[PDB]
Amino acid sequence: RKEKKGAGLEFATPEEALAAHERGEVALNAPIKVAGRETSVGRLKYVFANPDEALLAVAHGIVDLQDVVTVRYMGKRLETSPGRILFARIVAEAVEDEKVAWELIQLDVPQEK
Amino acid sequence: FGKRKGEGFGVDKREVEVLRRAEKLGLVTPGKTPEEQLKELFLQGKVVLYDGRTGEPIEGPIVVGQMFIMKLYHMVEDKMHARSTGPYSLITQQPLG
Amino acid sequence: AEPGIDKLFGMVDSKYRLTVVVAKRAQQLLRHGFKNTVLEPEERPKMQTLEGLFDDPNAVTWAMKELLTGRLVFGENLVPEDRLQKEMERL
Amino acid sequence: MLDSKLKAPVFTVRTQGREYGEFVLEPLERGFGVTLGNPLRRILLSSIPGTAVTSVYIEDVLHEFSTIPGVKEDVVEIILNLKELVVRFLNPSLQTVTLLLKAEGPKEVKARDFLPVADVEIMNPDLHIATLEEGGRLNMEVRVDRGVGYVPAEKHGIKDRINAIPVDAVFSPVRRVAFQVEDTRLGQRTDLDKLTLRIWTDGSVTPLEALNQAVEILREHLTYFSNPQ
Amino acid sequence: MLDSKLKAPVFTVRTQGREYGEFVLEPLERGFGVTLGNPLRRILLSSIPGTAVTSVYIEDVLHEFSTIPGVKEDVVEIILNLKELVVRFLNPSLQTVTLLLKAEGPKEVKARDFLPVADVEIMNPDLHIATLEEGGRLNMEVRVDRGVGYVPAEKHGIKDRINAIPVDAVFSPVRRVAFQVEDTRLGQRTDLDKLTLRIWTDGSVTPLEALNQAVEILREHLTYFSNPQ
Amino acid sequence: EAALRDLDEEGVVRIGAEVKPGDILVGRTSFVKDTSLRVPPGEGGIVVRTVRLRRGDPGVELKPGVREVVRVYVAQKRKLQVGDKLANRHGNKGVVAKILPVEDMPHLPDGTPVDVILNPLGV
Amino acid sequence: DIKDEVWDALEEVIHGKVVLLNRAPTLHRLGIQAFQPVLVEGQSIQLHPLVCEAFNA
Amino acid sequence: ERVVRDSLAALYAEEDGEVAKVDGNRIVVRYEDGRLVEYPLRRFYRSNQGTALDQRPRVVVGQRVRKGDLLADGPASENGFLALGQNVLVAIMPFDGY
RNA sequence: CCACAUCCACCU
């Protein structure tokens with residue numbers, strides 16, 4: 001889900017802009033799923049070492065399954081949603097091996113029929 | 001909601017999170033208190049429901065109401081015509097009872 | 001499904017031949033009784049409420065698990081058919 | 001008993017009669033309002049033993065699809081009205097009771113017309129039962145039993161008389177349960193849970209006793225995890 | 001009696017090391033499988049006590065999204081790798097522990113390379129923290145507390161040094177839990193419940209210990225209805 | 001003879017006696033050989049009425065060659081179950097698939113729970 | 001005369017057996033499908049949702 | 001109401017009067033002219049398709065009635081209204097798989 | 001005994 005961008009989306013250049021945009025998200029300046037230039041404030045605020053941590057944080061109501069967030073998967077940092085990560089884990093547990101399950105899915109698009 | 005407030009109850013926290021989630025979905029206008037937000041949600045015909053099995057509310061509002069549901073004519077059609085051995089016909093011996 | 005249908009298909013040229021083999025093994029297991037199995041010592045089907053899968057709850061699973069191992073041979077003509085077919089019905 | 005009992009729910013009760021009762025449990029640490037409300041509600045609505053009408057015998061009729069002369073209502077309507085009867089047992093050891101009812105003349109037969117019993121109370125004496133116009137005789141016996149849950153008429157199959165007709169039983173004294181968790185503030189922590197659960201019952205069992213039975217059942221079921229193997 | 005008493009649900013345990021545990025409760029009466037699964041799952045995911053790396057301070061770190069010369073991993077990677085570090089305190093008296101790390105030279109730095117502390121233990125010494133290419137200046141320290149549940153780094157803001165950076169704390173030892181209730185069957189009736197519960201834990205506490213703590217917490221919270229006011 | 005208890009009067013089963021499948025309803029003897037009407041396999045309820053027509057016709061006419069006939073009405077109280085089907089006035093057909101207990105169904109913020117749940121995808 | 005032992009024996013009989021389910025218009029090959037029966041209480045036949053398209057059911 | 005009235009399944013008062021006797025199987029009503037008439041009820045009549053046709057009394061002893069007023073219900077009428085079905089609380093949401 | 005004819009329905 002994406003809602004609205006209310007502040008200066010410029011983020012690639014300024015390294016001090018992280019604190020300013022975090023403060024803006026503290027107020028009602030920018031939503032968590034903001035349509036920023038490079039990254040949303042949701043990806044900046046929450047970073048998860050493992051999918052288990054992301055799903056546990058979802059269980060606590062901090063972030064929804066439809067939230068953009070940075071998750072450190074087996075070998076890479078992915079700016080995805082906990083719902084997509086959970087779907088990937090569902091596929092990976094339905095079958096035995098996880099590498100094949102990871103390579104036979106596309107976790108960048110909604111799961112249409 | 002007047003009957004609800006008669007006993008001295010406000011808005012449940014589960015209702016609060018349901019209302020904020022619906023606000024993210026555009027169902028209710030933002031900047032309003034849970035009172036009139038829930039009123040506007042009621043105008044849509046949708047109210048907050050609780051799962052009952054888990055206790056947590058169903059994400060997003062649920063439409064509920066009163067429906068006139070009637071049971072249709074129910075003959076032997078549902079009954080299982082399951083046989084293992086029965087009558088056989090005269091010309092051919094294919095069984096039909 | 002059933003254990004290892006993929007390798008069962010792999011070890012046979014056609015599925016129908018596999019069906020014939022498994023059904024003939026089942027018929028042998030019935031009419032001989034379950035004595036001449038090649039999975040007797042340890043690896044046997046396990047029943048839930050008791051060990052009733054020792055004797056004869058369903059022989060198709062016996063034949064399939066027996067064919068999963070390498071103690072079985074099947075072919076168009078591997079043994080003189082007349083002698084074994086005359087010993088099949090007259091005993 | 002302060003961080004773990006005072007920053008933990010005190011238990012207050014607000015009950016009127018023996019029909020409706022609220023129980024406030026405040027404060028709870030975050031997440032425990034539902035964790036306690038849901039199992040208690042399920043047990044209260046599921047496995048609270050009670051009393052309900054089990055069998056009905058009429059001196060006149062011989063099956064449930066007949067009618068009594070002089071009676072406005074059918075036998076089916078009589079059974080349906082009798083389903084709503086609530087009976088309170090005063091002796092815990094008492095299991096099965098047989099109430100008798102004699103009726104004649106132009107009388108609006110209510111629930112209060114049942115013959116008194118030593119350890120039986122009718123919590124709804126104003127419940128309408130039947131209507132007798134003139135020269136109509138209503139001689140009935142109702143066998144009420146104490147049970148749990150919902151049981152179909154044919155499942156129990158109680159037959160004390162040849163002409164007796166079994167009826168369905170709803171052994172749940174609890175009419176409904178509604179638990180609500182609200183936000184309460186403490187000095188050290190601003191967000192805490194206050195769990196208030198409201199119980200509507202039929203009067204056979206006071207809500208406090210129903211809550212105690214539900215808590216005891218949940219505790220005895222939690223004890224079932226104590227012995228592993 | 002097999003209706004309620006003799007069917008004291010067998011509690012079968014299948015533990016694959018100190019990480020994975022399956023517990024099967026069988027047979028259970030209708031509707032009670034969910035009633036036991038939900039509160040236990042919530043208790044396990046919310047209130048199991050544990051320890052986590054609350055914060056970290058590095059001498060040359062001024063912002064949390066900067067790059068450290070001499071280390072290929074950035075600060076974000078460092079804190080993420082520090083997230084999965086599991087530490088067990090030896091006595092209940094510990095509340096906060098500060099653990100430092102000296103490291104230089106082209107070597108791999110792991111959890112085992114932390115300076116030993118007498119009263120703490122590390123369950124994953126081989127946890128690869130980072131790498132040093134050539135004389136990487138690794139002067140680090142981490143403060144670890146004990147707590148419950150999951151605490152975002154933003155709200156608590158626990159600080160030791162001016163340039164110290166908060167770290168999201170995952171106090172709950174259990175990685176995750178999943179309960180499934182499936183319709184088992186007895187000899188005469190089918191409407192029963194079989195409750196399987198799968199627990200994945202970091203390794204600080206075995207799944208049996210976590211389940212025992214959860215049921216003890218639930219029982220002690222149930223005992224809060226005894227005294228009304 | 002053990003099952004003859006329900007067959008109270010001469011050949012006709014008594015009113016108000018519950019009958020299960022395989023139970024005698026009317027006892028008829030042919031040339032002696034037992035050819036008696038029994039409850040067919042399936043379901044049976046409560047006998048409510050029995051009518052007998054004989055050759056002593058007040059005003060009745062019968063199929064020639066038939067001396068008498070008896071008809072028995074058996075009533076049962078069918079309840080909603082999985083087999084049945086329900087529908088509304090708008091053509092939304094449906095078949096009951098599961099009967100949930102009261103405790104685990106969705107309920108309002110009040111104590112009142114919902115009665116029936118309909119799949120939106122049919123709309 | 002039904003008894004729990006009869007039900008246990010029936011469960012033992014159908015441990016490995018399969019039954020063929022069929023829809024009245026058999027348009028293609030998937031209108032006949034084998035299944036492993038599971039004893040249930042009721043009058044209707046429980047069908048897996050995923051085969052709701054193989055049959056036009 | 002038009003459907004239940006035009007289909008001769010219920011009972012209606014042909015003239016202004018007062019009900020004399022009400023039983024489960026007949027209703028005796030005395031009209032304004034002094035003429036009393038007894039209306040019998042098909043208490044449990046098997047239909048052509050095997051259903052039950054019932055006339056349930058809906059008046060009390062000594063109750064004044066008007067011309068065309070309802071006296072007994074039809075097989076599928078609540079109070080002079082076509083009632084074949086129930087009113088239930090429906091939630092339009094997908095449950096698990098049921 | 002269930003044959004055949006006619007009619008009304010249900011699922012595609």
# chains A, B, ... in the order shown; residues from 1 in each chain; ligands from 1

call {"tool": "calpha_fit_rmsd", "arguments": {"fixed": "chain E", "moving": "chain D"}}
result
2.1 Å

call {"tool": "residues_around", "arguments": {"residues": "region 6-8 of chain I", "least_positions_apart": "2", "cutoff": "12 Å", "atoms": "only C-alpha atoms (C1' of nucleotides)", "output": "list in words"}}
result
residues 49 of chain H; 4 and 10 of chain I

call {"tool": "interface_residues", "arguments": {"of": "chain D", "to": "chain B", "cutoff": "8 Å", "atoms": "only C-alpha atoms", "output": "PDB file with N, CA and C atoms, in the first residue's frame"}}
result
ATOM      1  N   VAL D  34      -7.136  -9.479  26.090  1.00  0.00           N
ATOM      2  CA  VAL D  34      -7.726 -10.507  25.240  1.00  0.00           C
ATOM      3  C   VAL D  34      -7.286 -11.891  25.699  1.00  0.00           C
ATOM      4  N   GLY D  37      -9.643 -12.597  28.430  1.00  0.00           N
ATOM      5  CA  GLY D  37     -11.052 -12.492  28.096  1.00  0.00           C
ATOM      6  C   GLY D  37     -11.539 -13.602  27.182  1.00  0.00           C
ATOM      7  N   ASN D  38     -10.766 -13.920  26.142  1.00  0.00           N
ATOM      8  CA  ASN D  38     -11.231 -14.889  25.149  1.00  0.00           C
ATOM      9  C   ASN D  38     -11.437 -16.287  25.720  1.00  0.00           C
ATOM     10  N   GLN D 180     -14.562  -6.569  27.287  1.00  0.00           N
ATOM     11  CA  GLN D 180     -14.036  -5.367  26.658  1.00  0.00           C
ATOM     12  C   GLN D 180     -12.776  -4.936  27.390  1.00  0.00           C
ATOM     13  N   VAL D 181     -11.728  -4.631  26.631  1.00  0.00           N
ATOM     14  CA  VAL D 181     -10.460  -4.170  27.183  1.00  0.00           C
ATOM     15  C   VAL D 181     -10.290  -2.699  26.830  1.00  0.00           C
ATOM     16  N   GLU D 182      -9.984  -1.887  27.836  1.00  0.00           N
ATOM     17  CA  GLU D 182      -9.823  -0.453  27.669  1.00  0.00           C
ATOM     18  C   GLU D 182      -8.436  -0.042  28.140  1.00  0.00           C
ATOM     19  N   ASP D 183      -8.071   1.197  27.826  1.00  0.00           N
ATOM     20  CA  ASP D 183      -6.759   1.726  28.165  1.00  0.00           C
ATOM     21  C   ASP D 183      -6.816   2.452  29.502  1.00  0.00           C
TER      22      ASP D 183
END

call {"tool": "residues_around", "arguments": {"residues": "residue 88 (chain E)", "least_positions_apart": "3", "cutoff": "8 Å", "atoms": "only C-alpha atoms (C1' of nucleotides)", "output": "JSON, numbers by chain"}}
result
{"E": [51, 120, 121, 122, 123, 204]}

call {"tool": "residues_around", "arguments": {"residues": "residue 147 (chain D)", "least_positions_apart": "6", "cutoff": "8 Å", "atoms": "only C-alpha atoms (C1' of nucleotides)", "output": "ChimeraX atom specification"}}
result
/D:49-52,171

call {"tool": "write_last_selection", "arguments": {"atoms": "C-alpha atoms", "output": "PDB file, in the first residue's frame"}}
result
ATOM      1  CA  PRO D  49     -23.375 -26.932  33.502  1.00  0.00           C
ATOM      2  CA  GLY D  50     -27.010 -26.089  34.051  1.00  0.00           C
ATOM      3  CA  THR D  51     -30.577 -27.360  34.128  1.00  0.00           C
ATOM      4  CA  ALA D  52     -33.129 -27.612  31.326  1.00  0.00           C
ATOM      5  CA  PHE D 171     -28.022 -26.769  29.640  1.00  0.00           C
TER       6      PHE D 171
END

call {"tool": "closest_residue", "arguments": {"among": "C:1, C:9, C:39, C:22", "to": "residue 73 (chain C)", "atoms": "only C-alpha atoms"}}
result
C:22

call {"tool": "interface_residues", "arguments": {"of": "chain B", "to": "chain A", "cutoff": "12 Å", "atoms": "only C-alpha atoms", "output": "MDAnalysis selection string"}}
result
chainID B and resid 14 17:18 20:21 23:26 30:31 56 59

call {"tool": "interface_residues", "arguments": {"of": "chain C", "to": "chain G", "cutoff": "10 Å", "atoms": "only C-alpha atoms", "output": "short mmCIF file (atom, residue, chain, number, x, y, z; two decimals) with C-alpha atoms, in the first residue's frame"}}
result
data_model
loop_
_atom_site.label_atom_id
_atom_site.label_comp_id
_atom_site.auth_asym_id
_atom_site.auth_seq_id
_atom_site.Cartn_x
_atom_site.Cartn_y
_atom_site.Cartn_z
CA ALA C 1 -0.18 -39.46 -2.57
CA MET C 47 -0.52 -49.17 11.81
CA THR C 49 -3.83 -47.84 16.91
CA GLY C 52 -2.22 -54.31 12.48
CA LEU C 53 -0.25 -53.36 9.37
CA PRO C 57 -4.83 -54.22 5.93
CA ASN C 58 -4.18 -53.24 2.31
CA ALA C 59 -1.78 -55.04 -0.02
CA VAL C 60 -1.30 -52.33 -2.66
CA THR C 61 0.81 -50.35 -0.18
#
